[PDB]
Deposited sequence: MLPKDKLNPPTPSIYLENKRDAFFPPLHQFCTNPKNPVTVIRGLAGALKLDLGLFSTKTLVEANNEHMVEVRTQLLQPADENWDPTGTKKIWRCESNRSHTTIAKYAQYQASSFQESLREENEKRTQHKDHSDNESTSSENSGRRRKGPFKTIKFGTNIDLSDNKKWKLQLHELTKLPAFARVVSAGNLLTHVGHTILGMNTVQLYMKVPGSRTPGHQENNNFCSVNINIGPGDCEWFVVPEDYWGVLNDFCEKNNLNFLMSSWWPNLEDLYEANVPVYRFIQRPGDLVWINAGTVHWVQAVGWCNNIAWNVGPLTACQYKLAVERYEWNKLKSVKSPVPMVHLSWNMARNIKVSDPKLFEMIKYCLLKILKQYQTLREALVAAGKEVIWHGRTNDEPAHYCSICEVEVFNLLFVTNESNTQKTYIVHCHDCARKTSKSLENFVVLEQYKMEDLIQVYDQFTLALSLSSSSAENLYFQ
């Protein structure tokens, strides 16, 4: 079917008016558009992409850390087993570290080398390449000019904004509400995935070369999960590169497009995607969480799925839900009902546990909290832990306060005799936040 190769939702910008036009924001967050390519974004805003060129990055912080992926240079849109015999989903990829200066040297000499090959005239086996990924641009003292340039974007796409759920978390989530950079050579691949907790993502290509993107809508993610399981792969944790002929056979639609320098790619919530560099280029990217029923729902879903799969959630959705109720006026009826429902479940579960502890003669110790204090996760199983923290007698004494969930504490100490129970929020105060959380009127 032609329906299996649909056109890319595209927007063509010419000037700042186009960029700040409110129907642009609405188009991107619309659940019917799995991806939006905003062409000419940098040119329309007069963004200086030069601030992210390799030459500029070397000057700024030449010893900055780069995560290296070593990969094979695969042909076109395919992925072959190392012997060149058959197309498979699993990708070979090995990890190491380097610096911006050292990777810059490789990026440049890579280009010079292919110029010489091009002037020499005249199934594998495949060449080996290196991809510089996940470069941390969180420090405002190291990247002042770079980060300031990105405040020129329209609000809905900024790293920080009043309408961004990740801004309301209240603390840093590295690489989600901070910027990451990528330095590439041709063939540099990002394997198949969904964003952390299904949050939207924003990506700008710095150039000078192009990237090629492959995209599948959220509601087909289960099909790809089966494919992984039938090929002995972990959908969430393994490196895989889909066989397009398999997807076509299974009637999965695939959006495919080219991202040129200055183009911005908006990946909508839960959209499955994978990417490869066509030329030599750098990219920047971060996450955003629009205030919509769709975004909140898909985020909660992935939060619960990660528990079943024993994978940590980078976004603490309990902590976030309470902050929304504390600080945000919500006027969408559907979104409001979702948050209210979740808070009620949290409150009931907490009341049940607390009464069980008291009925068994276990002391609950008032511990309170400092504000802007991040959410806590279990030091053993990495689940989010809210309000009641389980800490060993020894860790308490030393005031290291090393957090455990209730289940992990019980597994260690059958009657909790080795633990104390710390409480960060009074029940009356949580009940009030819940009771005063009501639907705001908006005529929009």
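In this entry, the deposited residues absent from the coordinate set span 1-3, 126-146, 469-478.
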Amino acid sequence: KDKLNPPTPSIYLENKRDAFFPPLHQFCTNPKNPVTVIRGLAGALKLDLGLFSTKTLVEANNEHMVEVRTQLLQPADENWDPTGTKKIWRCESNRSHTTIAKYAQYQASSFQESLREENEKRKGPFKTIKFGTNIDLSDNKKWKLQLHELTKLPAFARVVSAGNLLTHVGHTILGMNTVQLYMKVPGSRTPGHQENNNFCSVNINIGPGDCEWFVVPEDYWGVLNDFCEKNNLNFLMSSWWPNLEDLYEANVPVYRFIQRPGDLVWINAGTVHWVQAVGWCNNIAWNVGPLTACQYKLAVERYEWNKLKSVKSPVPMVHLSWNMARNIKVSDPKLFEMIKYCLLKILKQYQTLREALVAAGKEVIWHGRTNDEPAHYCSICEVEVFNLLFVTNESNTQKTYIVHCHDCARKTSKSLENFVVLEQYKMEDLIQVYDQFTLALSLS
From here on, numbers count along this sequence of modelled residues.
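Whichever C-alpha set is largest while still superposing within 1.5 Å between the two forms counts as the rigid core.
The stretch that moves more in 7 other deposited structures of this protein, judged by CA deviation after a rigid core superposition and choosing between 365-373 and 263-271, is 365-373. Checked against the other entries of this protein, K130 counts as resolved in every one of those spanning it, not missing from a third of them.
Checked against the other entries of this protein, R90 counts as resolved in every one of those spanning it, not missing from a third of them.
Averaged over Cα atoms, the B-factor as recorded in the entry is higher for 367-375 than for the other of 168-176 and 367-375. For the pair 243-251 and 214-222, the record assigns the higher mean C-alpha temperature factor to 243-251.
Of the candidates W80, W286, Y182, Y296, the one whose C-alpha carries the top B factor in the deposited record is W80. Across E304, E195, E229, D263, the entry's maximum B-factor at the CA atom is seen for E229. In this PDB entry, the Cα temperature factor of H404 sits in the bottom third of its chain's modelled residues, the lowest group. Sort the modelled residues of the chain by CA B factor and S93 lands in the highest third. Among the modelled residues of its chain, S331 has a C-alpha B-factor that falls in the highest third, as given in the PDB entry. Sorting the modelled residues of the chain by their CA temperature factor places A60 in the highest third. When the modelled residues of the chain are ordered by C-alpha B-factor, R69 sits in the lowest third.
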